[PDB]
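Peer 1: Dropping a structure here in structure tokens format, bear with me for questions.
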Amino acid sequence: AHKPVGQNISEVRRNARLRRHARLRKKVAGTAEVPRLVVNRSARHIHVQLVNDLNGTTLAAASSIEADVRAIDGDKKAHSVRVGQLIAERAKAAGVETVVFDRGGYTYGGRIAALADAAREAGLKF
Amino acid sequence: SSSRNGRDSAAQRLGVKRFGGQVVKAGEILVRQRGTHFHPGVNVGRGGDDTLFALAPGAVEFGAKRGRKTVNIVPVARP
Amino acid sequence: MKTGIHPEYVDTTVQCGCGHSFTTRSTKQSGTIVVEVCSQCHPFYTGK
Amino acid sequence: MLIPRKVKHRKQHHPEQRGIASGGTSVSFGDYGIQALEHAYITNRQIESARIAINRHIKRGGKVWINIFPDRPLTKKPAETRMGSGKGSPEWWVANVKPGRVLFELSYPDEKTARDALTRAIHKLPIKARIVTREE
Amino acid sequence: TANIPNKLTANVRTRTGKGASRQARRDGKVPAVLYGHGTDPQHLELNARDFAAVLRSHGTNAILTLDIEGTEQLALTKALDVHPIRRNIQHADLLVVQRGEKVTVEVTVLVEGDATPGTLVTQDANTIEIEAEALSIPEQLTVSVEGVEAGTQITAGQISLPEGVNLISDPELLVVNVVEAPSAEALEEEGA
Amino acid sequence: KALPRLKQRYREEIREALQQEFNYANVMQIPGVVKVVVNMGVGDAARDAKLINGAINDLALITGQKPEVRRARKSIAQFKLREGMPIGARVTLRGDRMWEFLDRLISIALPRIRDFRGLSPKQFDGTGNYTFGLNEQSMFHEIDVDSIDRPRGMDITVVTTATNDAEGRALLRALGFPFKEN
Amino acid sequence: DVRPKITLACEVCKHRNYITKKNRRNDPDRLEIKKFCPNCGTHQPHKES
RNA sequence: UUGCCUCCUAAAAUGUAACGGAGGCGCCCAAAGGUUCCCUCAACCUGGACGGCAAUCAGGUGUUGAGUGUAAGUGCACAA
RNA sequence: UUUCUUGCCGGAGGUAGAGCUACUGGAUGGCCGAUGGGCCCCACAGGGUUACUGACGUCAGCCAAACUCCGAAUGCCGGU
Ligand SMILES: [Mg+2]
Ligand SMILES: [Mg+2]
Ligand SMILES: [Mg+2]
Ligand SMILES: [Mg+2]
Ligand SMILES: [Mg+2]
Ligand SMILES: [Mg+2]
Ligand SMILES: [Mg+2]
Ligand SMILES: [Mg+2]
Ligand SMILES: [Mg+2]
Ligand SMILES: [Mg+2]
Ligand SMILES: [Mg+2]
Ligand SMILES: [Mg+2]
Ligand SMILES: [Mg+2]
Ligand SMILES: [Mg+2]
Ligand SMILES: [Mg+2]
Ligand SMILES: [Mg+2]
Ligand SMILES: [Mg+2]
Ligand SMILES: [Mg+2]
Ligand SMILES: [Mg+2]
Ligand SMILES: [Mg+2]
Ligand SMILES: [Mg+2]
Ligand SMILES: [Mg+2]
Ligand SMILES: [Mg+2]
Ligand SMILES: [Zn+2]
Ligand SMILES: [Zn+2]
């Protein structure tokens, strides 16, 4: 036995991320016609869901664990743009072109910005 | 031989103005209050002096949402 | 690591008086130091 | 005399003096006690007189618990004055007593002396009380 | 040391309320409720006189044998709602119990004997909680005072506890404290 | 292509030392040092606002980074101290500046003590976060002696992932820290 | 007064559009802010009179 | 004493009198206004040269006991 | 008939009562025992002895128009 005493950086990252997410969520939400594009991000993968908060359901989703996205030899920005175009295509198939961006409690930029601008050019107006 | 008090202010007529199940117009103010004793609910907005008003026509109904008393406007069906 | 606000920091060569050579980095603009009492000199450090 | 060190408000309304004592109706500290039967305002004057009466009677060794505190002030406007000009200045202190509340409690070896000291105290109070024992 | 249960009669309350309870209390009857793991809160009138008699004979804590319309049940007095003034018992609570069943209870502690003369013995906690079987419940247990030395405290952990019974209270709950008898120049110095 | 030396020796021998004499189930439970914090708590600058200048200058030269100025977040009547007054200066060191500063202290500056008798092993806050002070800024050769103006002490804190003083002390000794031997 | 009433006038048309207050002890100089001019049609600097 | 604001009286909607019980107001802030983003205090224990419970540093416990220009009340840690 | 009554349904309260280890204050008696009190060896180090005063805490019983973790009956708003 070796009882640890401190708090781990995982806890502070996770719950501070959740607090930022909730503060954000106080002001955006998803309908059927203008759903919410929520994003997760880790050291390996980036995830997106298209949510109708009236139900708590998901309309479309994507991540960087699909076959094609793992088929890219490029950079994390390349995976981000691939996910963005894929989720834009899936949303357009589902019958929607307007959305609100839930950045997920991460600062807007880097790969999240790349994803968001890929979806922007791909057909989703936000 | 004199009282050093004897002053008060006007009553501000605060309180709930529309109760549960009451049909309102869009824009009717529903509860006058000081702080946020009732928090704005679905399709209900909050004014500058923390006055709750209805952002859509419907029926008033109260609720609790994560330990917060809230006021909501419910869309009644069109006859 | 800001642009230039921090004080100048470069690698430095530190030589002991009793013959020890320290390969270090400091803010010395010269980058050269010699010290006569070091980790092998004090009676408390090496029991002498 | 029993006087609170400070009260948040020094001019309160008269204590509502209705109902039966719900809290503080049992003998817990000593073995014999004086337990009330009428609503009243027991001032610190009454309490001090009753306590000294008990101490004079037993006079040897035994514990007297005054488990009521006079901490409610009754005011009185100065004499010869008409009505008005605001409420008076507080000038006596009171415990609000309901029928049921044990007022004084006593611990002492024997029986008759304890009973007699308790009734000596009772005679100093503005109410009817009765001597109650530690058992049902 | 099994204690023989006491045999009362009871009959189901037809209708409930403050009016019904007042009337029943007026006819020399006590309203009461059975519960426990019998999982049926059953509302029972019982004889007030016999209830008081058995509570006198065997304290607050005593097993009863209730005859509910012919059915035979074992009960144990859980609580008694009593008027502060008229002292009549108003209501009773009856856990259902059976043999070989541990139950938590509160037993009065009555100091026995005389103490050393220069000081007075005074109890702070008159009741001590014990875990014990339904039949083996002691109605009272004693604490020893026989010429103690100068003032000292007594706690529940050093009591001669009966057999088959277990202390529940934390052992460091004071029960009886011998405190030096106030002198002539010490008794009237406190209280003002 | 280049690394600090003392971190090298740490990884090379102290990790195995701590593992084999503290016997962790997880190799990541083998402790280590995390950060150091140097604080010049000036405080008396409630009147002389100009002393914190020399404070931050000398602390910058020794540490290699520019201190954040620490104000006072309370109003107190005694010390002539009002809210928002610069009272102290602190720098945190992590990584290469971390290890190099530890070098400049323990291999150089801490030997420069006059009347050195070690540092007490009972100087831990219950979990192995070792914090010691002093009262002269002239044991650091980064600063010349006559160039000083007032005798000032630092505040040197080494914050490590010890579970208790045993890990903290074993680590500090393993890093080569000349404690007081009580 | 220490917080007197002041007026703000557009520079490019000299029309007095707004009246406000400010502290003379804290803002000794004329206060100037980009306000909205109804006849200039756009936001213009406005300077204290 | 006379206008305004807050509380109790005031009897769980609103309103409610007395020379009833307590206090504030006749301002202040070009940021103490707008928006964007980020953070969580007070207190307590332990370890530190001045430095003392107390000043700044580090570790922990700490869900609100701190703070909110300004009385009081209603609020606010989702933070106001 | 929009009025009013009665039944049912949808509401918001903080009164009566109660409770307080749920806050703000008052307040009874115990228990351990500080810090600060005195003394010994003898230093103003350090240690222990002593009516010590006895922080904090804790056990049990209480109190409040301007206290509330709670909390009715009635009344009130609407519908039927
Ligand atoms: Mg740590
Ligand atoms: Mg008012
Ligand atoms: Mg506003
Ligand atoms: Mg306004
Ligand atoms: Mg009343
Ligand atoms: Mg009672
Ligand atoms: Mg009560
Ligand atoms: Mg009498
Ligand atoms: Mg300015
Ligand atoms: Mg009202
Ligand atoms: Mg009313
Ligand atoms: Mg009137
Ligand atoms: Mg005035
Ligand atoms: Mg603001
Ligand atoms: Mg702003
Ligand atoms: Mg902290
Ligand atoms: Mg009706
Ligand atoms: Mg109803
Ligand atoms: Mg309700
Ligand atoms: Mg109220
Ligand atoms: Mg009441
Ligand atoms: Mg109070
Ligand atoms: Mg009340
Ligand atoms: Zn040397
Ligand atoms: Zn213009």
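If you're wondering about the labels, chains in the structure tokens are A, B, ... by order shown, residues count from 1 in each chain, ligands from 1 in order shown.
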Could you list, as a list in words, all the residues within 7 Å of ligand 11, counting only C-alpha atoms (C1' of nucleotides) and all ligand atoms?
Peer 2: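 So the residues close to ligand 11 are residues 11 and 12 of chain H; 75 of chain I.
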Peer 1: Excluding same-chain residues fewer than 3 positions from residue 39 in chain I, what lies within 12 Å of it counting only C-alpha atoms (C1' of nucleotides), as a PDB file with N, CA, C and O atoms (P, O5', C5', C4', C3', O3' and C1' of nucleotides), in the first residue's frame?
Peer 2:
```pdb
ATOM      1  P     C I  42      19.584  22.268  40.685  1.00  0.00           P
ATOM      2  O5'   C I  42      19.372  23.260  39.451  1.00  0.00           O
ATOM      3  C5'   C I  42      19.343  24.669  39.634  1.00  0.00           C
ATOM      4  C4'   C I  42      18.078  25.251  39.063  1.00  0.00           C
ATOM      5  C3'   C I  42      18.219  26.488  38.193  1.00  0.00           C
ATOM      6  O3'   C I  42      18.712  26.179  36.896  1.00  0.00           O
ATOM      7  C1'   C I  42      16.372  26.732  39.660  1.00  0.00           C
ATOM      8  P     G I  48       6.227  17.372  30.441  1.00  0.00           P
ATOM      9  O5'   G I  48       5.493  16.246  31.293  1.00  0.00           O
ATOM     10  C5'   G I  48       4.672  16.591  32.397  1.00  0.00           C
ATOM     11  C4'   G I  48       5.475  16.738  33.663  1.00  0.00           C
ATOM     12  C3'   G I  48       4.682  17.101  34.908  1.00  0.00           C
ATOM     13  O3'   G I  48       4.086  15.973  35.526  1.00  0.00           O
ATOM     14  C1'   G I  48       6.553  18.525  34.736  1.00  0.00           C
ATOM     15  P     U I  49       2.687  16.134  36.295  1.00  0.00           P
ATOM     16  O5'   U I  49       3.111  16.358  37.814  1.00  0.00           O
ATOM     17  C5'   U I  49       2.128  16.475  38.827  1.00  0.00           C
ATOM     18  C4'   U I  49       2.480  17.552  39.821  1.00  0.00           C
ATOM     19  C3'   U I  49       1.327  18.456  40.223  1.00  0.00           C
ATOM     20  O3'   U I  49       0.533  17.894  41.249  1.00  0.00           O
ATOM     21  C1'   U I  49       3.190  19.781  39.641  1.00  0.00           C
ATOM     22  P     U I  50      -1.067  17.890  41.124  1.00  0.00           P
ATOM     23  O5'   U I  50      -1.464  19.413  41.357  1.00  0.00           O
ATOM     24  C5'   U I  50      -1.096  20.074  42.558  1.00  0.00           C
ATOM     25  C4'   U I  50      -1.431  21.543  42.505  1.00  0.00           C
ATOM     26  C3'   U I  50      -2.786  21.882  41.921  1.00  0.00           C
ATOM     27  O3'   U I  50      -3.884  21.654  42.803  1.00  0.00           O
ATOM     28  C1'   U I  50      -1.150  23.274  40.945  1.00  0.00           C
ATOM     29  P     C I  52      -7.913  22.965  39.366  1.00  0.00           P
ATOM     30  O5'   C I  52      -7.219  24.370  39.063  1.00  0.00           O
ATOM     31  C5'   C I  52      -7.921  25.391  38.374  1.00  0.00           C
ATOM     32  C4'   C I  52      -7.369  26.766  38.662  1.00  0.00           C
ATOM     33  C3'   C I  52      -7.777  27.836  37.654  1.00  0.00           C
ATOM     34  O3'   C I  52      -9.023  28.437  37.959  1.00  0.00           O
ATOM     35  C1'   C I  52      -5.429  27.876  37.934  1.00  0.00           C
TER      36        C I  52
END
```
Peer 1: List as a ChimeraX atom specification the protein and nucleic acid residues lying within 9 Å of ligand 5, with only C-alpha atoms (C1' of nucleotides) and all ligand atoms counted.
Peer 2: /D:16 /H:11 /I:15-16,65
Peer 1: For chain H, report every residue with an atom at most 9 Å from chain D (counting only C-alpha atoms (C1' of nucleotides)), formatted as a ChimeraX atom specification.
Peer 2: /H:18-22
Peer 1: With N, CA and C atoms (P, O5', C5', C4', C3', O3' and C1' of nucleotides) kept, could you save the residues just selected as a PDB file, in the first residue's frame?
Peer 2:
```pdb
ATOM      1  P     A H  18     -49.969  56.325  10.784  1.00  0.00           P
ATOM      2  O5'   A H  18     -49.992  56.128  12.358  1.00  0.00           O
ATOM      3  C5'   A H  18     -50.889  56.856  13.185  1.00  0.00           C
ATOM      4  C4'   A H  18     -50.601  56.586  14.637  1.00  0.00           C
ATOM      5  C3'   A H  18     -49.147  56.733  15.042  1.00  0.00           C
ATOM      6  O3'   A H  18     -48.805  58.071  15.351  1.00  0.00           O
ATOM      7  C1'   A H  18     -49.968  54.667  15.819  1.00  0.00           C
ATOM      8  P     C H  19     -47.800  58.873  14.399  1.00  0.00           P
ATOM      9  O5'   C H  19     -46.791  59.570  15.397  1.00  0.00           O
ATOM     10  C5'   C H  19     -45.495  59.028  15.589  1.00  0.00           C
ATOM     11  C4'   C H  19     -45.134  58.982  17.044  1.00  0.00           C
ATOM     12  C3'   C H  19     -46.270  58.567  17.966  1.00  0.00           C
ATOM     13  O3'   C H  19     -45.801  57.707  18.996  1.00  0.00           O
ATOM     14  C1'   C H  19     -45.517  60.758  18.529  1.00  0.00           C
ATOM     15  P     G H  20     -46.639  56.383  19.325  1.00  0.00           P
ATOM     16  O5'   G H  20     -46.196  55.344  18.208  1.00  0.00           O
ATOM     17  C5'   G H  20     -44.855  54.898  18.115  1.00  0.00           C
ATOM     18  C4'   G H  20     -44.752  53.405  18.275  1.00  0.00           C
ATOM     19  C3'   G H  20     -43.375  52.821  18.062  1.00  0.00           C
ATOM     20  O3'   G H  20     -42.510  52.986  19.164  1.00  0.00           O
ATOM     21  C1'   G H  20     -44.942  51.538  16.888  1.00  0.00           C
ATOM     22  P     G H  21     -41.023  53.500  18.898  1.00  0.00           P
ATOM     23  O5'   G H  21     -40.209  52.170  18.608  1.00  0.00           O
ATOM     24  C5'   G H  21     -40.455  50.988  19.349  1.00  0.00           C
ATOM     25  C4'   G H  21     -39.800  49.794  18.708  1.00  0.00           C
ATOM     26  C3'   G H  21     -38.397  50.005  18.176  1.00  0.00           C
ATOM     27  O3'   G H  21     -37.405  49.960  19.183  1.00  0.00           O
ATOM     28  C1'   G H  21     -39.677  48.852  16.576  1.00  0.00           C
ATOM     29  P     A H  22     -36.038  50.767  18.986  1.00  0.00           P
ATOM     30  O5'   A H  22     -35.561  50.338  17.535  1.00  0.00           O
ATOM     31  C5'   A H  22     -34.441  50.935  16.914  1.00  0.00           C
ATOM     32  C4'   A H  22     -33.949  50.098  15.761  1.00  0.00           C
ATOM     33  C3'   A H  22     -32.964  50.768  14.826  1.00  0.00           C
ATOM     34  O3'   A H  22     -31.648  50.796  15.342  1.00  0.00           O
ATOM     35  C1'   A H  22     -34.592  49.612  13.566  1.00  0.00           C
TER      36        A H  22
END
```
Peer 1: So how many Å separate CA of residue 15 in chain D and CA of residue 92 in chain D, to one decimal?
Peer 2: 13.6 Å
Peer 1: Could you pull out the residues sitting within 6 Å of ligand 2, using only C-alpha atoms (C1' of nucleotides) and all ligand atoms, and write them as a ChimeraX atom specification?
Peer 2: /B:9-11
Peer 1: For the residues selected in the previous step, produce a file with N, CA and C atoms as a PDB file, in the first residue's frame.
Peer 2:
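See again.pdb below for the written result:
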```pdb
ATOM      1  N   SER B   9     -40.993  53.094   3.574  1.00  0.00           N
ATOM      2  CA  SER B   9     -41.159  53.387   2.160  1.00  0.00           C
ATOM      3  C   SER B   9     -42.460  52.800   1.636  1.00  0.00           C
ATOM      4  N   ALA B  10     -42.784  53.160   0.403  1.00  0.00           N
ATOM      5  CA  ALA B  10     -43.975  52.637  -0.238  1.00  0.00           C
ATOM      6  C   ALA B  10     -43.832  51.150  -0.506  1.00  0.00           C
ATOM      7  N   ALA B  11     -44.948  50.439  -0.408  1.00  0.00           N
ATOM      8  CA  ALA B  11     -44.975  49.044  -0.809  1.00  0.00           C
ATOM      9  C   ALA B  11     -44.897  48.945  -2.324  1.00  0.00           C
TER      10      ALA B  11
END
```
Peer 1: Could you pull out the helix (DSSP H, G or I) residues of chain C, going by DSSP on the backbone, and write them as number ranges by chain?
Peer 2: C: 43-46
Peer 1: Can I get the selected residues back with N, CA and C atoms, as an mmCIF file, in the first residue's frame?
Peer 2:
```
data_model
loop_
_atom_site.group_PDB
_atom_site.id
_atom_site.type_symbol
_atom_site.label_atom_id
_atom_site.label_comp_id
_atom_site.auth_asym_id
_atom_site.auth_seq_id
_atom_site.Cartn_x
_atom_site.Cartn_y
_atom_site.Cartn_z
ATOM 1 N N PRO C 43 33.856 20.913 4.779
ATOM 2 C CA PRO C 43 33.987 19.797 5.725
ATOM 3 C C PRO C 43 32.687 19.054 5.963
ATOM 4 N N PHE C 44 31.548 19.729 5.841
ATOM 5 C CA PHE C 44 30.269 19.064 6.058
ATOM 6 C C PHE C 44 29.884 18.199 4.862
ATOM 7 N N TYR C 45 30.197 18.654 3.644
ATOM 8 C CA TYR C 45 29.840 17.898 2.444
ATOM 9 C C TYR C 45 30.595 16.577 2.351
ATOM 10 N N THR C 46 31.916 16.613 2.484
ATOM 11 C CA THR C 46 32.725 15.410 2.325
ATOM 12 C C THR C 46 33.369 14.935 3.622
#
```
Peer 1: May I have the residues within 8 Å of range 50-65 of chain D as JSON, numbers by chain, using only C-alpha atoms (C1' of nucleotides) and disregarding those fewer than 6 positions away in the same chain?
Peer 2: {"D": [29, 30, 104, 105, 106, 107, 108, 109, 113, 114, 116, 117, 118, 120, 121, 122, 124, 125], "E": [120, 181, 182, 183, 184, 187, 188, 191], "I": [28, 29]}
Peer 1: Got a sec: who's within 12 Å of range 91-100 of chain A, counting only C-alpha atoms (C1' of nucleotides), leaving out chain neighbours fewer than 6 positions off, as a CSV table (one decimal) with C-alpha atoms, in the first residue's frame?
Peer 2:
```
chain,number,residue,atom,x,y,z
A,24,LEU,CA,-20.7,27.8,-22.3
A,25,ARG,CA,-23.9,25.7,-22.3
A,27,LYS,CA,-26.0,30.3,-23.6
A,28,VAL,CA,-26.2,27.8,-26.5
A,29,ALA,CA,-28.6,24.9,-27.1
A,30,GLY,CA,-29.9,22.8,-29.9
A,31,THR,CA,-33.3,22.6,-31.7
A,32,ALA,CA,-34.3,20.4,-34.6
A,33,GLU,CA,-33.7,23.1,-37.2
A,34,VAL,CA,-30.6,24.6,-35.6
A,35,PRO,CA,-28.9,21.8,-33.7
A,36,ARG,CA,-25.8,22.0,-31.6
A,37,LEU,CA,-22.4,20.9,-32.9
A,38,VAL,CA,-20.6,19.7,-29.7
A,39,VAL,CA,-17.0,18.7,-29.8
A,48,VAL,CA,-18.2,15.7,-32.9
A,49,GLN,CA,-21.9,15.2,-32.3
A,50,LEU,CA,-24.9,17.0,-33.7
A,51,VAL,CA,-27.4,17.3,-30.9
A,52,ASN,CA,-31.1,18.2,-30.5
A,53,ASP,CA,-31.2,19.3,-26.9
A,58,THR,CA,-27.8,12.9,-31.5
A,59,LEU,CA,-28.5,13.5,-35.2
A,60,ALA,CA,-25.1,12.9,-36.7
A,61,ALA,CA,-21.6,12.2,-35.3
A,62,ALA,CA,-18.0,11.7,-36.4
A,83,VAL,CA,-13.9,15.0,-39.5
A,84,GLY,CA,-15.4,18.5,-40.3
A,85,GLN,CA,-16.2,17.6,-43.9
A,116,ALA,CA,-15.0,24.4,-37.4
A,119,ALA,CA,-17.5,22.5,-41.6
A,120,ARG,CA,-18.0,26.2,-42.4
A,121,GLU,CA,-16.6,25.9,-46.0
A,122,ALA,CA,-18.2,22.5,-46.5
A,123,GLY,CA,-21.8,23.9,-46.2
A,124,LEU,CA,-22.7,24.4,-42.6
A,125,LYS,CA,-23.3,28.1,-41.8
A,126,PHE,CA,-22.1,29.0,-38.4
```
Peer 1: List as a list in words the protein and nucleic acid residues near residue 148 in chain E, meaning an atom at most 9 Å away when only C-alpha atoms (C1' of nucleotides) are counted, but skip any in the same chain fewer than 5 places from it.
Peer 2: residues 115, 116 and 178 of chain E
Peer 1: List every residue of chain G that DSSP, applied to the backbone, labels as strand (DSSP E), and write the result as JSON, numbers by chain.
Peer 2: {"G": [5, 6, 7, 8, 9, 10, 16, 17, 18, 19, 20, 21, 32, 33, 34, 35, 36, 43, 44, 45, 46, 47, 48]}
